[PDB]
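Notes to accompany the following structure.
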Amino acid sequence: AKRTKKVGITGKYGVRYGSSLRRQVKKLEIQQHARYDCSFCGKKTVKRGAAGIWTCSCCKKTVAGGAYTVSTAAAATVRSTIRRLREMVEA
Amino acid sequence: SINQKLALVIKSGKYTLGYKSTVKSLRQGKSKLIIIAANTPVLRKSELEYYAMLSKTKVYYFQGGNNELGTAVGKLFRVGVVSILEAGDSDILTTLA
Amino acid sequence: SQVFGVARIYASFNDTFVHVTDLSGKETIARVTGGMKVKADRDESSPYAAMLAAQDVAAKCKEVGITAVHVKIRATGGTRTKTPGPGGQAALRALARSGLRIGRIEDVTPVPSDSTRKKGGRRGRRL
Amino acid sequence: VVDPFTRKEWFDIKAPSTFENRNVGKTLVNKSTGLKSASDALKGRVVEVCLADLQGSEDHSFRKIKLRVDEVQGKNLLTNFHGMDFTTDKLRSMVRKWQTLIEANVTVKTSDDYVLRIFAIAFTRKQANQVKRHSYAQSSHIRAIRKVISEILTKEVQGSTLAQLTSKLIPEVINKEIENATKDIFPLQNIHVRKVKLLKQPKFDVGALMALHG
Amino acid sequence: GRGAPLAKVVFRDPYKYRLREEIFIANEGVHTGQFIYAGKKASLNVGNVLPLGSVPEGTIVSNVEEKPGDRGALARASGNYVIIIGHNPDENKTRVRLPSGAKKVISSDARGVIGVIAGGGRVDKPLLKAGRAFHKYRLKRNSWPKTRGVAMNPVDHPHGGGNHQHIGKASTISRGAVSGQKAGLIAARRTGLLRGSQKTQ
Amino acid sequence: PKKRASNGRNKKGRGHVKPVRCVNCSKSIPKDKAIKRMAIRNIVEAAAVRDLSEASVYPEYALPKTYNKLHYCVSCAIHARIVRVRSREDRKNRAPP
Amino acid sequence: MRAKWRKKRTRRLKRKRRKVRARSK
RNA sequence: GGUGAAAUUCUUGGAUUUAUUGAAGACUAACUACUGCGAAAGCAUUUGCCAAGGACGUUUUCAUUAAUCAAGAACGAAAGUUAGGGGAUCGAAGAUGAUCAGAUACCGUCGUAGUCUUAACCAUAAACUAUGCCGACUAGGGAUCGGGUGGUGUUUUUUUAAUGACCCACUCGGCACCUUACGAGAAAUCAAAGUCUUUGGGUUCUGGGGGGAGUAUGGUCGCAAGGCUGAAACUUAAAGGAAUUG
Ligand SMILES: [Mg+2]
Ligand SMILES: [Mg+2]
Ligand SMILES: [Mg+2]
Ligand SMILES: [Mg+2]
Ligand SMILES: [Mg+2]
Ligand SMILES: [Mg+2]
Ligand SMILES: [Mg+2]
Ligand SMILES: [Mg+2]
Ligand SMILES: [Mg+2]
Ligand SMILES: [Mg+2]
Ligand SMILES: [Mg+2]
Ligand SMILES: [Mg+2]
Ligand SMILES: [Mg+2]
Ligand SMILES: [Mg+2]
Ligand SMILES: [Mg+2]
Ligand SMILES: [Mg+2]
Ligand SMILES: [Mg+2]
Ligand SMILES: [Mg+2]
Ligand SMILES: [Mg+2]
Ligand SMILES: [Mg+2]
Ligand SMILES: [Mg+2]
Ligand SMILES: [Mg+2]
Ligand SMILES: [Mg+2]
Ligand SMILES: [Mg+2]
Ligand SMILES: [Mg+2]
Ligand SMILES: [Mg+2]
Ligand SMILES: [Mg+2]
Ligand SMILES: [Mg+2]
Ligand SMILES: [Mg+2]
Ligand SMILES: [Mg+2]
Ligand SMILES: [Mg+2]
Ligand SMILES: [Mg+2]
Ligand SMILES: [Mg+2]
Ligand SMILES: [Mg+2]
Ligand SMILES: [Mg+2]
Ligand SMILES: [Mg+2]
Ligand SMILES: [Mg+2]
Ligand SMILES: [Zn+2]
Ligand SMILES: [Zn+2]
């Protein structure tokens, strides 16, 4: 029963603010509201509550993350660069 | 593969899925092998590993989350520990495992 | 027998360099180029100027301590012409005929595993 | 009103051991004054000389060698392994049309812990009686050949440092064992180690360094 | 009023039977229950705190001290981090690149924490309406909203006054200006739309 | 009409190759369509050989020439190197000389 | 005039009638 | 330094040259060819992993399941747009040095965007073989790529082999060239552009003198630039093709 050709959650903002500005918000709200896969128990029960604070429905783990998505791109690359460099200490 | 073996065990042998039942197996000495999820927490791990060594049961740590171990045994839910009770035509007991 | 150094001749078009250095390189010994021995810009790379410059080079060469030298000829290279300049041979000719010694020489032009877009534009230099 | 030559401290370059003439070259420094002496400053230079220029025999016209200066003593400074190149003219010859090229390389550690990466280039050969004009491998050939070369190169190193690794390259033992395992797969010609560079020397260890000296 | 989450990290007390709790700025990926290691001879994983000495170059580090033992100072805002780019073993320094891009050299005894700070991208979302700005500063300080000096009277501002709204004189103001003079672009060495790429060389 | 069965130059079963730059004017030009001259010539020259080996160490030495591949762009290949222009018949002849 | 430039010619010309017509939307 | 020649430019800040190191982004030289692969766009460093494909082999299996296709859909160079990153190189814009009568250019310098990547758009190229697909038939030749068959063939040594590469004959399926021209064409040319007034294998698409014009208008798609669809009034006797001689 498709409700909006294109505004999705951004439809709350009515005609205000100008399309381009609403677009940007729509991207980050779709991000910041979705349920995410939990690393520790594999259930898709991680949700946000306050920027950078993602925690788990069941299992009750809280992981410090990005402001509107659990893993920021840059920290992810940082991860593997700590991966990489640490390897040079045992081997 | 390791999953190719499990797929045989699945269609010709006996197995139980999940934590509590495989402890009924580990104590009964019925378990011939237990497969452990990557992300299943260390406490449960360490326990299963202690119950195992108390029954001389070998332990194969699956390098996959409890979700993919669920497709490994071909069940549409997740599983964080399998217990081999009978290995059918497969050889998992007497190969690399 | 002789005391050895390293010659190194960069003969592009529009100029020609000759400067012997210590066989390690880190220490020079006298430069002088084909530009210095003439003034016409247009004439900064002709073999005559390269000769006179090889002269002025060999002179201090045999006047400091180096009696012999290995040479390393070299074009502009990079993404450039990769072909030697006119006054490269004229300088080699003018330093063996000078009276110094010659010992085993190779070409050290920087040739790439090609890239960095050559200049000039896709339509080339059209004139 | 200076002329740095009328001031230049002078010096001569000594070579290592497993070759021919331990006397190599000449250099220029600057007098060892208090604050900036001739010693600790430079020395540690690098001079490249064709090994036929230091082995005498011309069956080594290519194969340039890079030496690096480490220690100094009374107008006499030694030098140790720092690299091995190839002449440009040689490869620029070698690589002829109508045939296949094959390159391979690997990074490896030795005994006395120098970490280095060596190379290895080799070209297919026409076999005597061929009528077709080109003679190329079969890709699947080149994968086998690289893997073998790689297996052989990883073996010939981690032996007794460069010293013995150098003692292996000088008579090109590697080139011939490559040739041996290779001929089962595909002809090939030339076949050299071409390049080998340093990238992780261990530590000074002056006692071990002096092992090529007498 | 902080962009990035904090993280309470409990420790034992070496000298008395008790727990002592600290308040860290949570680096990204840090999770409740995780163990955090803090010391010279500690390993190189996100969340641990290690002196700038003990990390190879390219390590990425947050909340790093200026002086050893000032308990953190650089890169603390949601998303920032410092990169180590080199060490001086004799005179034990380390050289780092701060979030601004300035390169600074500090003692290697100065400590940082492995990773970046949580809450990245907080600024990518448009505030979108006055009220969200309003609430933003409600929890910060009384700096909102702002009136343009060019809407004031000359009594109120250097920009104040005129029958049209205009600065009247250059809005670049000397470093040696005086309180009451410095409104505009203080000590600006250039001005106008930054054309081309920025980025320190 | 068409004045070359090989079109610009030689390519059948590709549709796209890869441009190379012209050693003269730096013009991009597809590799198959290039025109290429192997420039192998002595480091020295005609006259320098005697005075070379004269003022030279070693028995006659060895002498190592320089090899470098050249690339021209038709226009630059016409302006100098391999061209003339040939009769309508003399065109089809791929005999090197 | 070159066909491509004559293409850009009317390419513009249209884009300006585009403007002009919107004056009366 | 740079050019036909020069100038703008760089140089106690020792430039250019040199040596030793390090950093970044791009790229894949030679090998590279009338050679490969892919529906096309397109695709050359190593290796590992992931799925895929043609040809061949086939005394396997199925048994008409197929050919070609309005609508509809997947992919689609380069530039261009949105949001991050990246931003070494080269470099639309712009500013300059010269040149010129002029010179908004050509050449030189600085160099914004771009060039690279990720998530999205855009859907066009002389996107070319300017040449629809499936099927049959019609003519000689030497090369070559992949598969296969035949050999008391060569070279590899060991103890003969086995292998591997190589040689010769054959046959499939390729990318091509050569000579022919029974035949075709207006010709250039063409093993199809042939088997066509002795006019019919199946099927898709397009064109109907030149301009006007891919313009106007509507519909549709796009953020935009634009894409698809797409007339008419009027004007005009030529426009055009291939070849010949000058
Ligand atoms: Mg409804
Ligand atoms: Mg011209
Ligand atoms: Mg094979
Ligand atoms: Mg903060
Ligand atoms: Mg404030
Ligand atoms: Mg207020
Ligand atoms: Mg205001
Ligand atoms: Mg304001
Ligand atoms: Mg007022
Ligand atoms: Mg006032
Ligand atoms: Mg004022
Ligand atoms: Mg005012
Ligand atoms: Mg105003
Ligand atoms: Mg082409
Ligand atoms: Mg194409
Ligand atoms: Mg209006
Ligand atoms: Mg290559
Ligand atoms: Mg319809
Ligand atoms: Mg594109
Ligand atoms: Mg750029
Ligand atoms: Mg301009
Ligand atoms: Mg002008
Ligand atoms: Mg202009
Ligand atoms: Mg210009
Ligand atoms: Mg089209
Ligand atoms: Mg074409
Ligand atoms: Mg077409
Ligand atoms: Mg035929
Ligand atoms: Mg056979
Ligand atoms: Mg015919
Ligand atoms: Mg005819
Ligand atoms: Mg008509
Ligand atoms: Mg309309
Ligand atoms: Mg948009
Ligand atoms: Mg439209
Ligand atoms: Mg149309
Ligand atoms: Mg229209
Ligand atoms: Zn959970
Ligand atoms: Zn050209």
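Virtual Cβ from ideal backbone geometry, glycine too; neighbours counted across all protein chains shown. Taken together, the values in this text are just the output of simple stated rules run on the coordinates, not laboratory data.
Some points to look at:
- Looking across segment B:17-65, the residues that are among the β-branched types (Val, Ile, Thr) and within 12 Å of the chain's Cα centre (by Cα) come down to B:22, B:23, B:34, B:35, B:36, B:57, B:59.
- Selection count where residues are surrounded by 16 or more Cβ atoms within 10 Å (Cβ to Cβ) and without any contact (Cβ under 8 Å) to a residue 24 or more places away in the chain, scope segment A:30-43: 5
- Selection from segment D:137-157 of residues that are in contact with a strand residue (DSSP E or B) (Cβ under 7 Å, 6 or more places away or on another chain), assigned to a helix (DSSP H, G or I) and not hydroxyl-bearing (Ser, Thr, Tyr): D:142, D:145, D:146, D:149, D:153
- Residue check, residue E:119 outside any strand (DSSP E or B), within 30 Å of residue A:86 (Cβ to Cβ) and either out of contact with any helix residue (DSSP H, G or I) (no Cβ under 6 Å at 6 or more places or on another chain) or within 14 Å of chain A (Cβ to nearest Cβ) (or both): yes
- Residue within segment D:86-98 that is away from chain F (no Cβ under 14 Å) and either crowded, with 18+ Cβ neighbours inside 10 Å or within 16 Å of ligand 4 (Cβ to nearest atom) (or both) present: no
- Qualifying residue in segment E:73-81 (condition: away from chain A (no Cβ under 14 Å) and of a type outside the set (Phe, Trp, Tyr)): yes
- Members of segment A:21-46 found to be facing chain E (nearest Cβ under 9 Å), over 10 Å from the mean Cα position of the chain (by Cα) and of a type outside the set (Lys, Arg), listed by number: A:21, A:24, A:25, A:39, A:40
- Residue within segment B:53-64 that is under 27 Å from residue E:33 (Cβ atoms) and part of a helix (DSSP H, G or I) present: yes
- Out of A:18, A:65, A:14, A:49, sole residue that is within 12 Å of chain E (Cβ to nearest Cβ), loosely packed, with under 15 Cβ neighbours inside 10 Å, more than 16 Å from ligand 2 (Cβ to nearest atom) and closer than 15 Å to residue E:31 by Cα: A:49
- One residue stands out in segment B:59-82 among those that are small (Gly, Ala, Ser) and touching a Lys or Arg at 6+ places or on another chain (Cβ under 9 Å): the one that is farthest from the other protein chains (Cβ to nearest Cβ), namely B:74.
- Filter pass, residue E:136 being part of a loop (DSSP other than H, G, I, E, B) and within 16 Å of ligand 7 (Cβ to nearest atom): no
- Count of segment E:132-170 residues which are more than 14 Å from every other protein chain (Cβ to nearest Cβ), away from ligand 9 (no atom under 16 Å from the Cβ) and without any contact (Cβ under 8 Å) to a residue 40 or more places away in the chain: 10
- Residues located in segment C:88-112, provided they are more than 8 Å from every other protein chain (Cβ to nearest Cβ), farther than 18 Å from residue D:90 by Cβ and outside any helix (DSSP H, G or I): C:112
- For segment A:38-65, a residue qualifies if it is more than 7 Å from ligand 38 (Cβ to nearest atom) and among the charged types (D, E, K, R), and the qualifying residues are A:44, A:47, A:48, A:60.
- In segment D:139-153, the residues that are within 16 Å of ligand 3 (Cβ to nearest atom), of a type outside the set (A, V, I, L, M) and touching a residue at least 40 places away in the same chain (Cβ under 8 Å): D:141, D:146
- Looking at segment F:14-97, the strands (runs of 3 or more DSSP E) lying wholly inside it that each contain 3 or more residues that are more than 7 Å from chain C (Cβ to nearest Cβ) and either away from ligand 10 (no atom under 16 Å from the Cβ) or farther than 23 Å from residue D:60 by Cα (or both) sit at F:36-41, F:66-71.
- Strands (runs of 3 or more DSSP E) (entirely within segment C:1-66) containing at least 1 residues that are crowded, with 18+ Cβ neighbours inside 10 Å and of a type in the set (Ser, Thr, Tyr): C:9-11, C:16-18
- Residue satisfying all of: in segment C:47-84; polar (S, T, N, Q) and farther than 18 Å from residue D:27 by Cβ; farthest from the other protein chains (Cβ to nearest Cβ) among these: C:55
- Within segment E:33-55, the set of residues being loosely packed, with under 14 Cβ neighbours inside 10 Å and either within 11 Å of chain A (Cβ to nearest Cβ) or within 18 Å of residue E:6 (Cα to Cα) (or both) comprises E:33, E:35, E:43.
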